[PDB]
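Structure record follows, encoded as structure tokens.
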Amino acid sequence: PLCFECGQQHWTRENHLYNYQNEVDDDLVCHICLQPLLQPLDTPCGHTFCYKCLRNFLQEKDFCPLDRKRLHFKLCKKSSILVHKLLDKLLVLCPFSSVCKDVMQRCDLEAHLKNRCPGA
Amino acid sequence: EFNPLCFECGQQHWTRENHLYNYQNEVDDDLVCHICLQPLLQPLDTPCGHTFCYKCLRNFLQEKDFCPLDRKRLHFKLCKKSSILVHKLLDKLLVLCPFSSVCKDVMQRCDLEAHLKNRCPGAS
Ligand SMILES: [Zn+2]
Ligand SMILES: [Zn+2]
Ligand SMILES: [Zn+2]
Ligand SMILES: [Zn+2]
Ligand SMILES: [Zn+2]
Ligand SMILES: [Zn+2]
Ligand SMILES: [Zn+2]
Ligand SMILES: [Zn+2]
């Protein structure tokens with residue numbers, strides 16, 4: 001029942017999971033989940049969180065945790081092209097370490113699993 | 001005392017021009033301004049999702065009407081300051097002190113101003 005895009009187990013409401021080769025810069029790491037950002041949203045207060053993390057968080061809380069400012073999900077916007085580019089190229093290891101020792105950009109893992117990986 | 005060096009970056013430039021830095025390492029091309037071809041300073045985001053230096057874009061839009069990457073209509077007033085995270089990534093780029101004859105310190109870009117003010121033997 002593994003995710004077909006990332007090769008790991010998770011709910012739809014939760015992020016894909018990755019095993020990153022290197023230590024990712026803290027500023028690309030989501031404050032909520034403490035993993036590198038996925039589908040980043042910018043807040044009006046200038047902070048950035050995962051779509052899924054922020055959607056889930058705003059069901060329970062109504063303030064940005066970094067600045068305590070009021071936060072509405074509908075006012076959050078997709079982060080810039082630049083930010084998405086930096087996140088896409090982050091290096092990950094294939095989760096099927098039993099057979100596969102491939103290392104690739106995060107945005108490329110899905111195609112590897114769907115088309116090429118014998119472990120998937 | 002006449003036409004002195006910038007107090008904040010230690011290099012010679014006019015106020016309408018960007019600060020200047022000597023980068024220690026290759027900077028990721030995604031953090032480089034397409035207009036000036038240096039690492040972004042005071043990044044602004046366009047409605048088309050692109051990012052340029054505040055001073056480069058303002059100068060560019062004086063006689064131009066569009067985004068240099070995609071030629072979509074572009075107005076300076078519709079541009080916005082880039083996210084905190086983009087600023088934070090840029091701040092940590094390593095630079096060399098410009099006063100290379102007397103000082104060999106390497107530091108994060110955001111720290112150069114404080115270095116010149118509080119530490120450098122080469123500043124005035
Ligand atoms: Zn997944
Ligand atoms: Zn997150
Ligand atoms: Zn905030
Ligand atoms: Zn594989
Ligand atoms: Zn300067
Ligand atoms: Zn520029
Ligand atoms: Zn554009
Ligand atoms: Zn110095």
Side-chain angles (χ1 to χ4, degrees), chain A residues 26-34 37 40-51 53-58 60-85, chain B residues 6 8-9 11 13-23 26-91 93 95 109-110 112:
Chain A
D26 291 321
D27 296 309
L28 292 175
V29 175
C30 177
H31 194 77
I32 296 167
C33 65
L34 303 177
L37 290 158
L41 301 183
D42 292 346
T43 60
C45 52
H47 299 298
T48 307
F49 305 105
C50 301
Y51 181 94
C53 300
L54 191 63
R55 181 241 154 220
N56 282 320
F57 177 80
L58 293 186
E60 292 186 7
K61 292 287 199 289
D62 292 329
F63 297 101
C64 175
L66 297 190
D67 35 38
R68 302 282 317 190
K69 300 198 159 303
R70 172 139 245 175
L71 202 38
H72 305 279
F73 195 63
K74 63 214 184 173
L75 300 185
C76 300
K77 307 287 301 310
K78 181 181 51 175
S79 301
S80 68
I81 293 169
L82 188 155
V83 171
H84 285 83
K85 278 205 206 312
Chain B
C6 175
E8 289 69 45
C9 74
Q11 300 203 30
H13 69 90
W14 303 101
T15 293
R16 274 147 267 259
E17 294 169 340
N18 269 340
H19 296 294
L20 301 168
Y21 301 92
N22 302 332
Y23 296 89
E26 284 304 312
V27 179
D28 191 318
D29 291 310
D30 293 318
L31 300 178
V32 171
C33 180
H34 176 262
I35 295 173
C36 67
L37 305 183
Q38 285 293 302
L40 291 152
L41 277 169
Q42 290 175 255
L44 296 188
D45 289 347
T46 64
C48 47
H50 287 122
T51 303
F52 306 98
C53 304
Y54 169 106
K55 299 181 174 186
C56 296
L57 196 54
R58 189 170 170 93
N59 176 245
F60 183 87
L61 293 177
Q62 296 294 153
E63 233 63 80
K64 303 302 180 295
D65 339 88
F66 56 86
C67 175
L69 296 178
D70 51 39
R71 288 167 78 77
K72 311 215 200 315
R73 184 81 175 286
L74 182 56
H75 292 135
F76 191 70
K77 71 189 205 170
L78 292 173
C79 290
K80 201 193 274 289
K81 177 166 34 163
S82 298
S83 75
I84 289 157
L85 104 65
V86 169
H87 287 87
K88 282 187 177 308
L89 286 178
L90 292 163
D91 285 349
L93 297 173
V95 300
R109 193 178 78 180
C110 62
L112 178 54

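What you see below is based on every heavy atom in this structure, not just the backbone, and it leaves out hydrogens, waters and symmetry mates. Counting starts at 1 for both ligands and their atoms, in listed order. The sequence lines fix the lettering, A, B, ..., with proteins before strands; numbering per chain opens at 1.
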Neighbour count above 12 (heavy atom, 6.0 Å) for B:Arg58 CZ: no
Over 12 non-hydrogen atoms of neighbours within 6.0 angstrom of CD in B:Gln62: yes
N, O or S from B:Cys33 under 2.8 Å to the Zn ion (ligand 6): yes
With the Zn ion (ligand 6) at the center, what angle do SG from B:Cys56 and SG from B:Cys36 span, rounded to 10 degrees? 100°
Examine B:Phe76 together with B:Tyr54 and report whether their ring centres are nearer than 6.0 Å. yes
In degrees, rounded to 10 degrees, what angle do B:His50 atom ND1 and B:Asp70 atom OD2 make at the Zn ion (ligand 7)? 90°
If you stand at the Zn ion (ligand 7) and look out to SG of B:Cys67 and SG of B:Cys48, what angle do those two lines make, to 10°? 110°
Find out whether B:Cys56 and B:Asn18 are in side-chain contact, i.e. whether some heavy atom of one side chain is under 4.5 Å from a heavy atom of the other. yes
